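All of the numbers you see were taken from the coordinates with simple rules; none came from a lab. A quick note on method: Cβ atoms are made from the backbone with ideal geometry, for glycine too, and the neighbour counts reach across all protein chains shown.
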Amino acid sequence: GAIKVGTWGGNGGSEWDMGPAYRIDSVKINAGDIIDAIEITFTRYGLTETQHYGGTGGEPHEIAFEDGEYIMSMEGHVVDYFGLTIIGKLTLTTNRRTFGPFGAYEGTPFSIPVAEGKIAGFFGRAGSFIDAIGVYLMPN
Amino acid sequence: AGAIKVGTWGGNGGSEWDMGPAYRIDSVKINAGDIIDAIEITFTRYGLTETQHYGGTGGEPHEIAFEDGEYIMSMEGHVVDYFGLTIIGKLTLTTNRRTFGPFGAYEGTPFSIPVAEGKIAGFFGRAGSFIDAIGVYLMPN
């Protein structure tokens, strides 16, 4: 019933799945050389929730979405990080702003620009880092 | 009408084209040599089956006729520099049963659309002599 695109990344870590949200309120990405973590605050069915995926490392970067602001694209790199296949660079683009790039490693690029509709949530794999990531797509 | 469109990947040249979403994709023909010259899709929507060709007249053709219950679940390829133009140099379509491609010989910046849940139901992009850019419509299964 859902539209899920991904994942991009490795087979390490544990599977995680935020599910789609009615509204994404804010995102925090922790990154150093690679993407350590992603945290999302979102609202659905009248309730707000915060979910954190990944480890404790990296410098934090946060965006609080404006009213009418939605995620239009995600892009990054799947990298080799000391033998691990993980997310090394990540950017989220909204209808108004660019959030990123964060991370310093490159490898195999991926990009998911949404010409019609929106990125409504995320899924992926994580342990100490973000091993893999994917998106839920919903109509606008 | 609540469509979900992802893309485009490719250059800014060529003229825009858009097949729209289809009820069923019947067949796809890709013409390729060094790069992706053309894509032709036969699809059904509202009791009508039609064929639309995008791109030029070059390259060798290859075709897939979809089986009953067969749907597209992935698209991947390369955005490349071809004599200074930025176009699609390699393309593959993967169904729940078969891999169609890869076609084309040039590499550059890879792109990939793995559909974990749902299907690719149509295409849009830019084209002139070749396929400058490509994108897809998505639907649930």
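With a cut-off of at most 13 other beta carbons within 10 Å, and DSSP calling the residue loop, which trypsin sites (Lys or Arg not before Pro) in the stretch B:54-141 qualify? Please list them.
B:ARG97, B:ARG98
Of A:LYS118/B:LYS119; B:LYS5/B:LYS119; A:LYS89/B:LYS119, which pairs sit farther than 19 Å apart, going by alpha carbon to alpha carbon?
Details: A:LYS118/B:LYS119 17 Å; B:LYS5/B:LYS119 12 Å; A:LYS89/B:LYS119 27 Å.
Among A:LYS118/B:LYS119; B:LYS5/B:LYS119; A:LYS89/B:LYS119, the Cα-Cα distance tops 19 Å for A:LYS89/B:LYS119.
Distance between Cα centroids, the stretch B:39-98 to the stretch B:1-33: provide it in whole Å.
Between the Cα centre of the stretch B:39-98 and that of the stretch B:1-33, the gap is 8 Å.
Taking H as built 1.01 Å from N, whose amide H comes closer than 5 Å to the amide H of B:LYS119, not counting residues under 5 places away?
Counting only residues 5 or more places away or on other chains, the set is B:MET139, B:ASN141.
For chain A, with a Gaussian network of springs between Cα atoms less than 10 Å apart, report the residue from A:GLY19, A:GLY100, A:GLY68 with the top mean-square fluctuation.
Result: A:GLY68 has the largest fluctuation of those listed.
So which chymotrypsin sites (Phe, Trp or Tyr not before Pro) in the stretch A:59-140 end up in coil per DSSP with only 11 or fewer other C-beta atoms within 10 Å? Please list the in-between numbers first.
Values: sites: A:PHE65, A:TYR70, A:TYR81, A:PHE82, A:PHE99, A:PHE102, A:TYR105, A:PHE110, A:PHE122, A:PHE123, A:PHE129, A:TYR136; in loops: A:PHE65, A:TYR70, A:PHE82, A:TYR105, A:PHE129.
Sparse-neighbourhood loop chymotrypsin sites (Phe, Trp or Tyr not before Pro): A:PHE82.
Whole-Hz ³J(HN,Hα) for each residue in the stretch A:66-75, computed from phi via Karplus 6.51 cos²θ - 1.76 cosθ + 1.60 with θ = phi - 60°, x for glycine and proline: what do you get?
7, 5, x, 9, 9, 7, 10, 7, 9, 8
Mind checking which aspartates and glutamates have their Cα closer than 12 Å to the Cα of B:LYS90? Skip sequence neighbours fewer than 8 apart in that chain.
Cα-Cα hits under 12 Å: B:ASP34, B:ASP37, B:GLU76, B:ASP81, B:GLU107, B:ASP132.
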